[PDB]
Amino acid sequence: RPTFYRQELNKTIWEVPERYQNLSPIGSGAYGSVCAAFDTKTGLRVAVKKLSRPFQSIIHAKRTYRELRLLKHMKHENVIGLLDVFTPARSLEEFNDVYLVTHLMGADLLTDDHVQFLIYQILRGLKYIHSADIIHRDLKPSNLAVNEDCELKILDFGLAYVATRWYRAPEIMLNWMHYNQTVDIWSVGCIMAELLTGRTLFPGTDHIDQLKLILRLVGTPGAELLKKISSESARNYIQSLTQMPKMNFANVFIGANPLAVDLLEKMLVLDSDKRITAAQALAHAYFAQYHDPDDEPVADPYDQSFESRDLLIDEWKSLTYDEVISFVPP
Ligand SMILES: Nc1c(C(=O)c2cccc(OC[C@@H](O)CO)c2)cnn1-c1ccc(F)cc1
């Protein structure tokens, strides 16, 4: 066990191991605050998220457990992974704080070769994630941390402007049909289109407007898709709206690489059974310059049985401590 040091930066208190020096506060969030930090052991710059209020409620307790379990499991070039996890607490009883340490990236979310590399990496990262039955579910430019090699990593959570709903698959925002992993692909689509044009594709001012903007482009659900809407409420809503034709995506993404536009038509379909998977998306002609199937690996199986559990603050708290204790750096 290493020795720690204390620090107040931005009204929040920080208790890290000496091995992490020069804490620079660089971003904040709903579930915590990230500091930049130099790691004396590896000689690398790293990020440190101190989870804010990790064990305040059953919802916080579970969430904290969830975050740790996922980062511990993520091992991939395009997905943010745990370099170190620690706590100033010397026992489970005192255990009140959780710090997560990962790589320092650079920034967030240009030429068609850039879009290609960036989107390639996101989709290489969603192939993996998706392979372990995980769905990012809130994929957006600010969970996409790039450095100057242009090298991408998917963040579990971003930093703090961009509305989440600007990037949500209709299905999982209007709760309107059975959803699958391909909710992230809708987002990648929305992200990809932004990189190409410079403009948010679906810059909606709320749920109803968002749906208006998506339908402008993609067209109202036809009889084959209306068929799969499970909500009495939403079928009503859709069918009542004034009917819109589907657009030619070349007329909307003009001068964009025709292969880029083909990938877009393939990602931005309402019918989540038709939508292109990550694994499929990589084999698209658009990525010819980077696609390599012997190097788009899948992930170890991931036990999310815990998601279906109702436990007590203290129990979750204990499982998390377990995961701190059971860590091994790479
Ligand atoms: N690794 C990162 C970053 C970054 O590296 C990052 C992201 C965007 C911008 C950014 O700025 C870097 C420079 O401005 C400061 O050196 C860093 C932001 N959050 N996280 C993160 C940390 C610990 C976790 F457990 C989970 C996620």
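Residues numbered from 1 in each chain as written, not as in the entry; some residues may be left out. Heavy atoms only, no water.

1. Remarks on the site of the ligand
Reasoning step 1: Lining the immediate surroundings of the ligand are 16 residues, of which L100, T102, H103, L104 and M105 lie closest.
Reasoning step 2: Within the side chain of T102, an N or O atom sits 2.9 Å from a nitrogen atom of the ligand.
Reasoning step 3: The contact in question runs from an oxygen atom of the ligand to an N or O atom on the backbone of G106, over 3.4 Å.
Reasoning step 4: Here the ligand, which alone exposes 590 Å², has 85% of that area covered by the protein.
Reasoning step 5: Among the secondary structure elements, those contributing two or more residues to the shell around the ligand are strand 5 (44–51) and strand 7 (99–103).
Reasoning step 6: Broken down by element, the shell around the ligand gets its largest block of residues, 3 residues, from strand 7.
Reasoning step 7: Looking at the shell around the ligand, its residues break down into 10 nonpolar, 3 polar and 3 charged. (Near = heavy atom within 4 Å. Polar contact = N/O pair within 3.5 Å; in protein donor to acceptor, adjacent residues only side chain to side chain. Areas by Shrake-Rupley, 256 points an atom, 1.4 Å probe, with all protein chains shown as cover. Helix = DSSP H or I, 4+ residues; strand = E, 2+ residues; numbered from the N terminus. Nonpolar A, V, L, I, M, F, W, Y, C, P; charged D, E, K, R; others polar.)

2. Thoughts on the layout of surface pockets
Reasoning step 1: If you add up the space inside the second largest pocket, you get close to 440 Å³.
Reasoning step 2: For the second largest pocket, the lining is made up of 19 residues, of which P2, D84, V85, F86 and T87 are closest to its centre.
Reasoning step 3: Those elements that provide at least two residues to the lining of the second largest pocket are strand 6 (84–86) and helix 9 (313–325).
Reasoning step 4: Within the lining of the second largest pocket, the residues separate by chemical class into 12 nonpolar, 1 polar and 6 charged. (1 Å grid on protein atoms, 1.4 Å probe; cavity = no way out; pocket = protein on both sides within 12 Å on 5 of 7 lines; lining within 4 Å. Points joined across faces, edges and corners; volume = space filled by probe spheres on them.)

3. Quick word on the environment of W186
Reasoning step 1: With respect to the secondary-structure elements, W186 resides in helix 3 (residues 183–197).
Reasoning step 2: You can call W186 buried: its relative accessible area is 0%.
Reasoning step 3: Note: C-alpha distance between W186 and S272 (86 residues apart in sequence) is 9.1 Å.
Reasoning step 4: When sequence neighbours within four positions are dropped, the list of residues in contact with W186 reads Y167, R168, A169, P170, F202, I214, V218, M267, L268, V269, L270 and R275. (Buried < 20%, exposed > 50% of the residue type's maximum accessible area, 1.4 Å probe, protein only. Contact = heavy atoms within 4.5 Å.)

4. Structural notes on the domain arrangement of the chain
Reasoning step 1: When cut into domains, the chain gives domain 1 (1–106 + 299–328) and domain 2 (107–298).
Reasoning step 2: A C-alpha centroid distance of 30 Å is found between domain 1 and domain 2.
Reasoning step 3: Each partner contributes residues to the interface: domain 1 has 24 residues there, and domain 2 has 24 residues.
Reasoning step 4: Both faces considered, domain 1 and domain 2 share a buried interface measuring about 2200 Å² in area, 59% of it formed by carbon and sulfur atoms. (Domains from an automatic or database assignment. Buried area = accessible area lost by both parts, 1.4 Å probe.)

5. A look at the pairing of strand 5
Where a strand is regular, its side chains alternate between the two sheet faces.
Reasoning step 1: Among the 8 residues of strand 5, 6 are classified as buried, and the element is accordingly described as predominantly covered.
Reasoning step 2: In terms of strand pairing, strand 4 (residues 32–39) meets strand 5 through 8 bridges, oriented antiparallel. By the bridge assignment for strand 5, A37 is matched with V46.
Reasoning step 3: Linking two consecutive strands that pair antiparallel, namely strand 4 and strand 5, is a turn of 4 residues; a positive phi of about 70° is found at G43 within it.
Reasoning step 4: Sheet topology places strand 5 next to strand 7; 5 bridges connect them, and they run antiparallel. Looking across to strand 7, one finds that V48 is bridged to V101. (Pairing = 2+ DSSP bridges.)

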